[PDB]
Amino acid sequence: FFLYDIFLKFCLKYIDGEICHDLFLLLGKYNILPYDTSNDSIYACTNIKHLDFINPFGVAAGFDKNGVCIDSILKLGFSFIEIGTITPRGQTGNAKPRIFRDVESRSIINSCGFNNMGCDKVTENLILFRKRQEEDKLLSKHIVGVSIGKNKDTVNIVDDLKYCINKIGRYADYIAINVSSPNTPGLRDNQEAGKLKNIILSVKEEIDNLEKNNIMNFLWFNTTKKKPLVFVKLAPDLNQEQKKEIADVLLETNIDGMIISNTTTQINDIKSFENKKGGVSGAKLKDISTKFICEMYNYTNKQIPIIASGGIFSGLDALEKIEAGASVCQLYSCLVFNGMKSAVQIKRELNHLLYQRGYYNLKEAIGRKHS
């Protein structure tokens, strides 16, 4: 458990972004990635309704787009993973190279364009994992969510989301509505109050309709054994009117949680990304995101639980997001810049910090900045 850091520093030096991405998914495919069977702190526990996370750290969407590494990635010490984003039909995505990193600022820029094997192939992989999960006592508590979007040419999102829910809904602990991507035009236009309310109610109605089509209680082949929760992933690039307008919709529609936030197209302060096009992740996104959690946690009057992402690399970064209003933390660029150690390390720092600040448990620290 050092060999990986020689590999990582070398990878970050001479190897392309997507080659590392396809290399990491290769190691976990043949299950040759390290384990973390070490028991997690009971004071570091968190939840979103019936969704009970062993620790507050999971993997963001876009890491395991196709769910070919679910068990492998979880075993690194994460409580959950968000597979996808997935679309009804598979897509090659946008032109390569399309993933670039600036080590100096710990940032990433990407124009992937929902590259996936399609909803049907990803479902095939999730059913495989859920089958492994039954036999296994270790992955019995690990949560697996699915991020759903639309094919580039889909003239109406709703139809594309109605298809994915009917296919993969049965095997997800939660569904994440992806209306925040900056690399598939113009998905962000769906963040308008009217459009978003129709999306959220259509999705929730489809989930309800799965049950209303059989006597099987057997029906839920997930971790919770309950209907998936419905979450919405939001872009940080919004004005205050747009944010308040959304808040009022999330309250009326009774959305289960909100993933604040996706990548940002506001950053122009990176030299290595000047020519490049896409959304910016990592450390340069941290300050924006924490400010956006505050705004939304105040706008939804603390009623809608939050999943934070990103710019999370340390235990302080984690506690910052939690004190702002978030219940869980998703990681992405941390896994790119710290590698395999990521979970094990971030989990140590947070327990060390939770004690240092004067907390009995994580829950007690949630939204602490608001007072």
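The term rigid core refers to the maximal set of C-alpha atoms that superpose within 1.5 Å between the two forms. Don't overthink the numbering: it's just position in the shown sequence, from 1.
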Which of the two stretches, 187-195 versus 206-214, has its Cα atoms farther on average from this form in 4 other deposited structures of this protein when everything is superposed by the rigid core? 206-214
Higher C-alpha RMS shift from the shown form in 4 other deposited structures of this protein - 6-14 or 359-367, rigid core fit: 6-14
Residues of the deposited sequence that sit between residue 218 and residue 217 yet are not modelled: 1 to 3
The stretch whose C-alpha atoms carry the larger average B-factor in the entry, 227-235 or 179-187, is 179-187
Between 303-311 and 42-50 (mean CA B-factor, as deposited), the higher: 42-50
Per the entry's values, where does residue 245 land by CA temperature factor relative to the rest of its chain, in the lowest, middle or highest third? middle
Residue 110 CA temperature factor, ranked by third within the chain: lowest
If you rank the chain by CA B-factor, which third does residue 273 end up in: lowest, middle or highest? highest
Among the modelled residues of its chain, the C-alpha B-factor of residue 318 falls in the third labelled middle
Position of residue 294 among the chain's modelled residues by C-alpha B-factor, lowest, middle or highest third: middle
